[PDB]
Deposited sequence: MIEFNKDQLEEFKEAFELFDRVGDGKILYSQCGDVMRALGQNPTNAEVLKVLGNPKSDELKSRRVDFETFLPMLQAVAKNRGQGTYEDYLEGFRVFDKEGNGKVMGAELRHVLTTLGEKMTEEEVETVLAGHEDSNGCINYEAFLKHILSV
């Protein structure tokens, strides 16, 4: 990251500081990393966080200078399509099945997150054009 990049990143980090001490919580680290264009799994996030225990993950605060190596480490299409074609082969995907798998397998999300990302992309049959939705979530 260059100085300009470091300045933009610092500004973004400070926006996530909800206490005014110039720090975020460990549990926000993943959110900030994803907001900067990385798409790490919770496993990758916990790995760069050092697999913290519940107490420090929920209340220990780190400033930008400590976050930055973690952002760096995290930073350092055809598979996405085949992954969606798993759940297809007429180019559609049930809304119910995507909702179930995202809320029940892997790193399960909340129903509100899934409704939010899925809002407006499924038709009356309950089918999702997954190439367009993928372009949407990659934009």
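Which residue ranges of the deposited sequence are not present in the modelled coordinates? According to the deposited record, C-alpha coordinates are absent for 1 to 3, 80 to 85, 98 to 99, 151, which together make up the missing parts.
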